[PDB]
Amino acid sequence: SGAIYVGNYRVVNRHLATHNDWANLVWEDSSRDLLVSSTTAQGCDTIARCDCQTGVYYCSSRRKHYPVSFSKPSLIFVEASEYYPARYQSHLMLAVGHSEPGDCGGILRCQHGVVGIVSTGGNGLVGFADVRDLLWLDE
Ligand SMILES: COc1cccc(Cl)c1CC(=O)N1C[C@H](C(N)=O)C[C@H](C(=O)NC2CC2)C1
Ligand SMILES: [Zn+2]
């Protein structure tokens, strides 16, 4: 679990969105595993606007942050799950690192701010849903 709080927006994994997130829906994209809902309180985070390929992510299954090298946002085949059929997930960045299903929502950050959130993983891999292209989050 985990979310990004920027301005009056809350960004979460679409598969983990609550009834309240859907009741206050701003935007969602099943192909990216992202959902954005509106909030009444001002958010704590800054979004990176960069092309960094190194950063640090929080891994809740180890209670630790790990430094990673990650690929550029791209279309990656993701296996079938309880929430989605076998499909290509877009704007996904892969890295070598530990992750478990419950790590989804852990934030990936670089020196410029929030890059994305954990969305996929397996066998010593971790995938992050990019948010740097969502310029409207800053206004
Ligand atoms: C960090 O995730 C993992 C890490 C290690 C191994 C594995 Cl199988 C995962 C899990 C993974 O890849 N998905 C990705 C998927 C998607 N974004 O399309 C959403 C999936 C889902 O339905 N989760 C709910 C709790 C059961 C979980
Ligand atoms: Zn950066």
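Residues numbered from 1 in each chain as written, not as in the entry; some residues may be left out. Chains lettered and ligands numbered in written order. Heavy atoms only, no water.

By the method listed in its record, X-ray crystallography, this PDB entry was determined to a resolution of 1.600 Å.

Draft legend 1. Broad picture of the overall build of the protein chain. Within the protein chain one finds one helix and 11 strands. Traced from its N-terminal end to its C-terminal end, the protein chain shows the element sequence β-β-α-β-β-β-β-β-β-β-β-β. Its C-alpha radius of gyration of 14 Å places the protein chain within 12% of the 14 Å reference for a compact globule of 139 residues. With respect to the principal axes defined by its C-alpha atoms, the protein chain has extents near 40 × 35 × 30 Å. (Helix = DSSP H or I, 4+ residues; strand = E, 2+ residues; numbered from the N terminus. Rg over C-alpha atoms; globule rule 2.2 N^0.38 Å.)

Draft legend 2. The packing of aromatic side chains, seen in detail. A complete count under the given rule lists six aromatic pairs for this structure. Between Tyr-57 and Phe-128, the aromatic rings sit 5.3 Å apart at their centres with planes inclined by 70°, giving edge-to-face as the arrangement. With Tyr-57 in strand β5 (residues 54-59) and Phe-128 in strand β11 (residues 125-130), this pair connects stretches of sequence that are 71 residues apart. The two residues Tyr-57 and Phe-128 agree in class, both being buried. One aromatic cluster in this structure is built from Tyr-57, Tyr-66, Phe-70 and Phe-128. A cation over an aromatic ring shows up here: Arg-87 above the ring of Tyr-84, its NZ or CZ 3.7 Å from the ring centre. (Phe/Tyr/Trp six-rings, centres within 6.5 Å; stacked < 30°, edge-to-face > 60°. Buried < 20%, exposed > 50% of the residue type's maximum accessible area, 1.4 Å probe, protein only. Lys NZ or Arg CZ within 6 Å of the ring centre and 35° of its normal.)

Draft legend 3. Quick peek at the nonpolar core. Core analysis: the biggest nonpolar cluster contains 15 residues, and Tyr-57, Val-68, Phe-70, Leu-108, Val-115 and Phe-128 have the highest contact counts within it. Elements supplying a minimum of two residues to this core: β5, β8 (87-96), β9 (107-110), β10 (113-122) and β11. Not counting chain neighbours up to four residues away, the residues in contact with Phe-70 comprise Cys-52, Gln-53, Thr-54, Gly-55, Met-93, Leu-94, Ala-95, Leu-108, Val-115 and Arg-132. Grouped together as the second largest cluster of nonpolar side chains are 14 residues, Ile-4, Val-6, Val-11 and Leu-134 included. (Core = buried A, V, L, I, M, F, W, Y, C linked by side-chain atoms within 4.5 Å. Contact = heavy atoms within 4.5 Å.)

Draft legend 4. Molecular detail of the site of ligand 1. Surrounding ligand 1, one finds 18 residues, the nearest of these being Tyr-83, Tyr-84, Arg-87, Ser-99 and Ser-119. In this structure, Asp-33 approaches ligand 1 through a side-chain N or O atom, which is 3.5 Å from a nitrogen atom. At a separation of 3.2 Å, a nitrogen atom of ligand 1 approaches a polar side-chain atom of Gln-89. Contact with the protein chains covers 79% of the free accessible surface of ligand 1, which is 620 Å². Here the shell around ligand 1 takes five residues from β10, the largest share from any one element. (Near = heavy atom within 4 Å. Polar contact = N/O pair within 3.5 Å; in protein donor to acceptor, adjacent residues only side chain to side chain. Areas by Shrake-Rupley, 256 points an atom, 1.4 Å probe, with all protein chains shown as cover.)

Draft legend 5. Fine view of the coordination of the zinc ion (ligand 2). Surrounding the zinc ion (ligand 2) are the protein donor atoms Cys-50 (SG), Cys-52 (SG), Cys-110 (SG) and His-112 (ND1), which sit 2.1 to 2.4 Å from the metal. Here the zinc ion (ligand 2) is ringed by four donor atoms whose angles at the metal span 100 to 115°, and the overall shape comes out tetrahedral. Here the donor residues for the zinc ion (ligand 2) map to a single chain with the spacing C-x1-C-x57-C-x1-H. (Donors = N, O, S within 2.8 Å, 3.2 Å for Na, K, Ca; no water. Tetrahedral: all angles 85-135°; square planar, octahedral: opposite > 155°, others 65-115°.)

Draft legend 6. Region of the structure containing the pattern of salt bridges. Using the criterion set out here, one finds seven salt bridges in the structure. Where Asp-21 meets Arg-10, a salt bridge forms, and the shortest distance between an N and an O atom there is 2.8 Å. You can see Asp-21 sitting in helix α1 (residues 19-23) and its partner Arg-10 sitting in strand β2 (residues 9-13), a full 11 residues away along the chain. Taken individually, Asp-21 and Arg-10 each receive the classification buried, so the pair is uniform in this respect. Between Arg-14 and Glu-28 there is a salt bridge, with its nearest N and O atoms 2.8 Å apart. Of this pair, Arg-14 sits in the loop between β2 and α1 while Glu-28 sits in strand β3 (residues 25-29), and the two are 14 residues apart along the sequence. Since its relative accessible area comes to 24%, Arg-14 is described here as partly exposed. (Salt bridge = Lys/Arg side-chain N within 4 Å of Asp/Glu carboxyl O.)

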